[PDB]
Amino acid sequence: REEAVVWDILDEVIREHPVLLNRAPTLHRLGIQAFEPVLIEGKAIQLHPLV
Amino acid sequence: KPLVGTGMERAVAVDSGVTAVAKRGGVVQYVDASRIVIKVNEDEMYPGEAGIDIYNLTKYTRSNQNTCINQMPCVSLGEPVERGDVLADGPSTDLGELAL
Amino acid sequence: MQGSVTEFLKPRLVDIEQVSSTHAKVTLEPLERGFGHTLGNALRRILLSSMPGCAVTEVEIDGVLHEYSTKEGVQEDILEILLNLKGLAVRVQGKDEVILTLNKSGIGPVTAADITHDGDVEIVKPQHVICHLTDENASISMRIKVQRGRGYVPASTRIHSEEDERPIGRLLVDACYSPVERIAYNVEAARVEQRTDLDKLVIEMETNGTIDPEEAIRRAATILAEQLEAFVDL
Amino acid sequence: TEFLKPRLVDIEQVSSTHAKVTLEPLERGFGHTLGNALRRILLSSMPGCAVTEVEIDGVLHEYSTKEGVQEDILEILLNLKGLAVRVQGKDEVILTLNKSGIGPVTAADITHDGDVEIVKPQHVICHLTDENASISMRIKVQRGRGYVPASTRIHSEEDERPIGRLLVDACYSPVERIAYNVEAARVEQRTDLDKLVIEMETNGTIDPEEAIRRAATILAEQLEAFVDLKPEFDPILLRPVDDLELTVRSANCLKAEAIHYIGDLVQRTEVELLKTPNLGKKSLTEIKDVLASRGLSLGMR
Amino acid sequence: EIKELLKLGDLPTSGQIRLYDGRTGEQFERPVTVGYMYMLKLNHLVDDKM
Amino acid sequence: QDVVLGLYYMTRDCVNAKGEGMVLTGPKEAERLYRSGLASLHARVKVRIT
Amino acid sequence: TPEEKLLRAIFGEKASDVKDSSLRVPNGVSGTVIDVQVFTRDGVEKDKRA
């Protein structure tokens, strides 16, 4: 039951906790790169357009 | 309707049975979101037996994973229809034309 | 109690030309180079979003359990009726929630006039199409609920506000609150006797009828005064 | 039913000139309603003072060169725009810079004292080369609003004056930079909220805290005839102490005691007018005489 | 014959139009193309691919 | 692609079109200037760079 | 587990012998139930709802 106190605590558990992303044809070492997460209220995953 | 079209979109909606097309043409006796009944009105079946036709226009059933297939009446009651024009419309079709 | 400094030219409201019950042309003559371009876009954004409005939010229909069924003798299925109720042009006099009942039988369309009228509720378009009864014995009865809100507040937003909304016959319908569709503004340098550098901000506006241009501009402008209020001090 | 106001007001001063302001809880697009409206205010429509006219000896046409000056005329017009000017009460003040000899001739080398306050005395203006060099000029400052280009003044010159008037663009504003961010605001109820981030840089004419205040107050004076639903002051009290026509000793007394307009002299009791330097009874009887002659008094509130 | 249909539609014969921002209300320096592209929503939508 | 065509527009001098040699110090003027109407990007004008 | 066995003789045993295998709507999706259906085995007591 997403009780809105959990959300604030989720912000604390991801604060300086990186999350590595990865695309399908992993050709070179840059095909996996870690990021810091920013919680977004959508079901899509958002990406920096430079990487 | 697709504003910029090709002209083919009529024969695509009607060839696939997704739309309910008139079997023989008369004047619409009764419409409903549930079914459509039509008085054939001219040279019906060889014996003089029960001129009217009845079309049932399936509604709100699931498709193959997972879209929604239903039909709607596109004709108002008391309107003369000839054989072979859209009586009911299905998913992604607009009175004869295909509209994805 | 001093001082400090000041300058000229506050704006004022002039001829408000009504072209119809929906289209209107407000004009503000005493304006700068200047604020005719500063206020035009800063008024449009507040008018187009943050205005109060009334739209249908819940519709209970008798003999109708879920919004995907039909009803005998009705040309349109239930979802189509629910989408004709999103476009109800209702102006409520002094409440935030009015339960409008609608009963009508017999072959023929069921327009907005066929509602059980109310003294508090003016209907801006009585010619609105809601139904099409096709059987002589077709009869429909529903308890529409109009509410007062702002910001489109769709049905999925308000399941957390259930609080035991158990009634299964109650169809929840999306709000489309704000009564402003288009907002244009022109600069059109103004013909003031002196001070040759003065423009008149000409706001064209097309609404749904449920709000008059006068209070529409004033509620919108007042929001800015309240918003800018926290800017003076810090 | 109604709207919400910004709560988290964080002001980080990168300097007394550069500052960023962030205001977290804000509704949809209001981040841009205010941010772009306050931008169009500070960038153009604001008080402040800057150089508008220059008159230097010998240089008349084509922006000719003055002997013994490192920078030609254009590179002098440049440094003059960037003069932090905050005037006491004057809507036109003529200043003169007279200085000679090798070295930089800054803004401290101008005739100071006392109605104009320069905030940058080490503002580099010119550099003279040889020992026998000397420059002189009459600079005409004006208190205005906006950024008046030299093109608009000469094109529509209804009645201008002779040579020696060199037209410079009016930096008629304290604002050197205005930008705003959007930065979707996380509030525990709704996700689609804005937080306005105002990055502002200014000169010494005014600080960011009062520039934003004076800018938004200027916006609230607008639309005042529209709110659903204090005045007023007097026109003479708004005038400088020069209109009382008193002695030069009593003029510097009000010049040094920070008495700009008569609206401040008229509301200081004689108790404080005896504690003013170089204000005996000859400078106090002169005050109450020219004050009682215009139907006004001394020590009011 | 497309431009001939922009005439009789009382529209610019270029398919280009001057749009303003709405953020700033300022004008976009170049006149952009504006028109009606028949579009469809595909399958492959999220709520299934997450 | 997207961000580059933008920086190619922030460059690319144009024949004198809302642009004269009205200088200031430094980069900060072009931002006070360009908004609004004074006068355009790609305007062919000197300024003091540090 | 003795800790569990203690917890039931603390709060009232009611130690059920039947598990749970209900059909739960999968987390993430949500809508309205528009029809149900039951095909009871040939020769079993057709349920109330059946």
# chains A, B, ... in the order shown; residues from 1 in each chain; ligands from 1
>>> residues_around(residues="stretch 26-36 of chain A", least_positions_apart="5", cutoff="7 Å", atoms="only C-alpha atoms", output="VMD selection string")
chain A and resid 16 to 21
>>> closest_atom_pairs(of="chain B", to="chain G", cutoff="12 Å", atoms="only C-alpha atoms", output="tab-separated table")
residue	atom	partner	partner_atom	distance
B:59	CA	G:34	CA	12.0
B:60	CA	G:34	CA	9.1
B:61	CA	G:34	CA	9.7
B:62	CA	G:34	CA	10.9
>>> write_last_selection(atoms="C-alpha atoms", output="PDB file, in the first residue's frame")
ATOM      1  CA  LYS B  59     -20.194  -5.533 -29.315  1.00  0.00           C
ATOM      2  CA  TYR B  60     -17.369  -5.155 -26.769  1.00  0.00           C
ATOM      3  CA  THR B  61     -15.500  -8.446 -27.018  1.00  0.00           C
ATOM      4  CA  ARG B  62     -11.756  -8.950 -26.698  1.00  0.00           C
TER       5      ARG B  62
END
>>> closest_atom_pairs(of="chain F", to="stretch 201-215 of chain D", cutoff="12 Å", atoms="only C-alpha atoms", output="JSON lines")
{"residue": "F:28", "atom": "CA", "partner": "D:201", "partner_atom": "CA", "distance": 9.4}
{"residue": "F:29", "atom": "CA", "partner": "D:201", "partner_atom": "CA", "distance": 11.8}
{"residue": "F:31", "atom": "CA", "partner": "D:201", "partner_atom": "CA", "distance": 11.5}
{"residue": "F:32", "atom": "CA", "partner": "D:201", "partner_atom": "CA", "distance": 10.8}
>>> interface_residues(of="chain E", to="chain B", cutoff="8 Å", atoms="only C-alpha atoms", output="PyMOL selection string")
chain E and resi 36-38+40
>>> closest_residue(among="G:48, G:24, G:33, G:18", to="chain C", atoms="only C-alpha atoms")
G:33
>>> interface_residues(of="chain E", to="chain C", cutoff="10 Å", atoms="only C-alpha atoms", output="list in words")
residues 20, 21, 22, 23, 24, 25 and 26 of chain E
>>> write_last_selection(atoms="N, CA, C and O atoms", output="CSV table (one decimal), in the first residue's frame")
chain,number,residue,atom,x,y,z
E,20,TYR,N,4.2,31.5,-32.3
E,20,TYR,CA,4.8,32.1,-31.1
E,20,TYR,C,5.0,31.0,-30.0
E,20,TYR,O,4.4,29.9,-30.1
E,21,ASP,N,5.8,31.3,-29.0
E,21,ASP,CA,6.3,30.3,-28.1
E,21,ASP,C,5.2,29.8,-27.2
E,21,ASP,O,4.9,28.5,-27.1
E,22,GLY,N,4.5,30.7,-26.5
E,22,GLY,CA,3.6,30.3,-25.4
E,22,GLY,C,4.3,30.2,-24.1
E,22,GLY,O,3.7,30.5,-23.0
E,23,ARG,N,5.6,29.8,-24.1
E,23,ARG,CA,6.4,30.0,-22.9
E,23,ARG,C,6.7,31.5,-22.7
E,23,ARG,O,6.4,32.1,-21.6
E,24,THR,N,7.3,32.2,-23.7
E,24,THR,CA,7.5,33.6,-23.6
E,24,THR,C,6.6,34.4,-24.5
E,24,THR,O,6.6,35.6,-24.4
E,25,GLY,N,5.7,33.7,-25.3
E,25,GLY,CA,4.9,34.4,-26.2
E,25,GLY,C,5.7,35.1,-27.3
E,25,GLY,O,5.0,35.7,-28.2
E,26,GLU,N,7.0,35.0,-27.3
E,26,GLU,CA,7.8,35.6,-28.3
E,26,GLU,C,7.7,34.8,-29.6
E,26,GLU,O,7.3,33.6,-29.6
>>> atom_distance(atom1="atom CA of residue C:52", atom2="atom CA of residue C:117")
22.5 Å
>>> closest_atom_pairs(of="chain A", to="chain C", cutoff="12 Å", atoms="only C-alpha atoms", output="tab-separated table")
residue	atom	partner	partner_atom	distance
A:1	CA	C:160	CA	11.7
A:2	CA	C:160	CA	11.2
A:3	CA	C:160	CA	11.4
>>> residues_around(residues="residue F:39", least_positions_apart="6", cutoff="7 Å", atoms="only C-alpha atoms", output="ChimeraX atom specification")
/F:18-19,33
>>> residues_around(residues="residue B:92", least_positions_apart="5", cutoff="12 Å", atoms="only C-alpha atoms", output="PyMOL selection string")
(chain B and resi 1-2+9-10+12-14+16+18-19+67-72+97-100) or (chain E and resi 40-41)
>>> select_by_dssp(residues="chain G", states="helix (DSSP H, G or I)", output="JSON, numbers by chain")
{"G": [2, 3, 4, 5, 6, 7, 8, 9, 10, 11]}
>>> write_last_selection(atoms="C-alpha atoms", output="JSON list (two decimals), in the first residue's frame")
[["chain", "number", "residue", "atom", "x", "y", "z"],
["G", 2, "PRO", "CA", 8.27, -22.90, 17.22],
["G", 3, "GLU", "CA", 8.28, -19.09, 17.01],
["G", 4, "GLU", "CA", 5.25, -19.32, 14.71],
["G", 5, "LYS", "CA", 3.67, -22.02, 16.89],
["G", 6, "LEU", "CA", 4.03, -19.72, 19.89],
["G", 7, "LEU", "CA", 2.57, -16.77, 17.97],
["G", 8, "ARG", "CA", -0.60, -18.73, 17.21],
["G", 9, "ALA", "CA", -1.15, -19.90, 20.78],
["G", 10, "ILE", "CA", -0.64, -16.22, 21.68],
["G", 11, "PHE", "CA", -3.19, -14.65, 19.31]]
>>> interface_residues(of="chain D", to="chain E", cutoff="12 Å", atoms="only C-alpha atoms", output="MDAnalysis selection string")
chainID D and resid 28:40 180:182
>>> interface_residues(of="chain C", to="chain B", cutoff="9 Å", atoms="only C-alpha atoms", output="compact mmCIF listing (two decimals) with N, CA and C atoms, in the first residue's frame")
# COMPACT_ATOMS: atom_id res chain seq x y z
N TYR C 68 -19.44 -0.08 -20.34
CA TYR C 68 -19.19 -0.76 -21.61
C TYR C 68 -20.41 -1.51 -22.14
N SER C 69 -21.57 -1.35 -21.52
CA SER C 69 -22.76 -2.08 -21.95
C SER C 69 -23.53 -1.26 -22.98
N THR C 70 -24.76 -1.69 -23.27
CA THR C 70 -25.70 -0.92 -24.07
C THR C 70 -27.00 -0.79 -23.30
N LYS C 71 -27.96 -0.11 -23.93
CA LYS C 71 -29.34 -0.10 -23.46
C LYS C 71 -30.24 -0.24 -24.67
N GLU C 72 -31.30 -1.03 -24.53
CA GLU C 72 -32.21 -1.26 -25.64
C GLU C 72 -32.80 0.06 -26.12
N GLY C 73 -33.04 0.15 -27.43
CA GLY C 73 -33.64 1.33 -28.02
C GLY C 73 -32.80 2.58 -27.97
N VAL C 74 -31.50 2.46 -27.68
CA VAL C 74 -30.59 3.60 -27.64
C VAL C 74 -29.59 3.41 -28.78
N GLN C 75 -29.53 4.40 -29.68
CA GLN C 75 -28.66 4.27 -30.85
C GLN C 75 -27.19 4.21 -30.47
N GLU C 76 -26.81 4.88 -29.38
CA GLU C 76 -25.41 4.95 -28.97
C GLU C 76 -25.20 4.12 -27.71
N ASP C 77 -24.04 3.47 -27.63
CA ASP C 77 -23.71 2.70 -26.44
C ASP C 77 -23.34 3.64 -25.29
N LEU C 133 -33.19 7.92 -28.65
CA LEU C 133 -34.13 6.84 -28.38
C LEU C 133 -34.83 6.45 -29.67
N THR C 134 -34.90 5.14 -29.93
CA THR C 134 -35.43 4.62 -31.19
C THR C 134 -36.63 3.70 -31.02
N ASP C 135 -36.92 3.25 -29.80
CA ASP C 135 -38.07 2.40 -29.53
C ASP C 135 -39.12 3.22 -28.78
>>> residues_around(residues="stretch 169-174 of chain C", least_positions_apart="3", cutoff="9 Å", atoms="only C-alpha atoms", output="compact mmCIF listing (two decimals) with N, CA, C and O atoms, in the first residue's frame")
# COMPACT_ATOMS: atom_id res chain seq x y z
N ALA C 55 -17.97 20.86 -14.80
CA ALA C 55 -18.18 19.79 -15.76
C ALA C 55 -18.66 18.55 -15.03
O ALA C 55 -18.50 18.41 -13.82
N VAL C 56 -19.25 17.63 -15.80
CA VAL C 56 -19.81 16.42 -15.23
C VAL C 56 -18.68 15.53 -14.73
O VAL C 56 -17.67 15.33 -15.41
N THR C 57 -18.84 14.99 -13.52
CA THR C 57 -17.83 14.13 -12.92
C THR C 57 -18.31 12.71 -12.65
O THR C 57 -17.51 11.78 -12.77
N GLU C 58 -19.57 12.51 -12.28
CA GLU C 58 -20.12 11.18 -12.04
C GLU C 58 -21.53 11.11 -12.60
O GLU C 58 -22.29 12.08 -12.52
N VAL C 59 -21.88 9.96 -13.18
CA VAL C 59 -23.17 9.77 -13.82
C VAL C 59 -23.68 8.38 -13.46
O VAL C 59 -23.14 7.37 -13.93
N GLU C 60 -24.70 8.32 -12.61
CA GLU C 60 -25.40 7.07 -12.34
C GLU C 60 -26.57 6.94 -13.31
O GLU C 60 -27.37 7.87 -13.44
N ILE C 61 -26.65 5.81 -13.99
CA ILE C 61 -27.75 5.53 -14.92
C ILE C 61 -28.47 4.27 -14.44
O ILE C 61 -27.83 3.31 -13.99
N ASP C 62 -29.79 4.29 -14.54
CA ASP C 62 -30.61 3.19 -14.06
C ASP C 62 -30.62 2.05 -15.07
O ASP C 62 -30.88 2.26 -16.26
N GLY C 63 -30.33 0.84 -14.59
CA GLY C 63 -30.21 -0.31 -15.46
C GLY C 63 -28.87 -0.43 -16.16
O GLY C 63 -28.72 -1.31 -17.02
N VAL C 64 -27.90 0.41 -15.81
CA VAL C 64 -26.58 0.41 -16.42
C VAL C 64 -25.56 0.23 -15.31
O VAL C 64 -25.41 1.10 -14.44
N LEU C 65 -24.84 -0.90 -15.35
CA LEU C 65 -23.90 -1.26 -14.29
C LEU C 65 -22.48 -0.79 -14.60
O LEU C 65 -21.83 -0.18 -13.75
N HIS C 66 -21.99 -1.08 -15.80
CA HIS C 66 -20.66 -0.66 -16.21
C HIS C 66 -20.76 0.10 -17.53
O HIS C 66 -21.72 -0.06 -18.29
N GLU C 67 -19.76 0.93 -17.78
CA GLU C 67 -19.78 1.88 -18.89
C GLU C 67 -19.54 1.24 -20.25
O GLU C 67 -19.46 1.98 -21.24
N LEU C 82 -21.52 8.88 -22.15
CA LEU C 82 -20.62 9.47 -21.16
C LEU C 82 -19.73 10.54 -21.79
O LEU C 82 -19.34 11.50 -21.11
N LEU C 83 -19.39 10.39 -23.07
CA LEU C 83 -18.59 11.40 -23.75
C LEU C 83 -19.41 12.59 -24.22
O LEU C 83 -18.84 13.66 -24.48
N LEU C 85 -21.60 13.79 -22.15
CA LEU C 85 -21.77 14.49 -20.88
C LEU C 85 -20.53 15.27 -20.47
O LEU C 85 -20.64 16.18 -19.64
N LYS C 86 -19.37 14.93 -21.03
CA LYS C 86 -18.19 15.77 -20.84
C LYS C 86 -18.42 17.17 -21.40
O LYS C 86 -17.91 18.15 -20.85
N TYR C 152 -8.77 19.60 -15.28
CA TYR C 152 -9.01 18.38 -16.04
C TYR C 152 -9.08 17.08 -15.24
O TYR C 152 -9.68 16.12 -15.73
N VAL C 153 -8.51 17.04 -14.04
CA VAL C 153 -8.84 16.09 -12.96
C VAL C 153 -9.47 14.81 -13.48
O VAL C 153 -10.66 14.57 -13.22
N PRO C 154 -8.77 13.98 -14.25
CA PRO C 154 -9.43 12.84 -14.89
C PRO C 154 -9.90 11.81 -13.87
O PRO C 154 -9.62 11.90 -12.67
N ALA C 155 -10.63 10.81 -14.37
CA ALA C 155 -11.24 9.82 -13.48
C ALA C 155 -10.18 9.02 -12.73
O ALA C 155 -10.37 8.68 -11.56
N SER C 156 -9.06 8.72 -13.39
CA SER C 156 -8.01 7.94 -12.74
C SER C 156 -7.38 8.67 -11.57
O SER C 156 -6.82 8.02 -10.68
N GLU C 165 -16.73 4.34 -2.09
CA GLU C 165 -17.61 4.74 -3.18
C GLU C 165 -18.36 3.55 -3.78
O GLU C 165 -18.75 3.58 -4.95
N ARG C 166 -18.62 2.52 -2.96
CA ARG C 166 -19.19 1.21 -3.29
C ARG C 166 -20.22 1.21 -4.42
O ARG C 166 -20.19 0.28 -5.24
>>> residues_around(residues="residue C:217", least_positions_apart="2", cutoff="12 Å", atoms="only C-alpha atoms", output="number ranges by chain")
C: 12-13, 16, 24-28, 39-40, 42-48, 50-52, 180, 183, 203-205, 211-215, 219-224; D: 223, 225-228
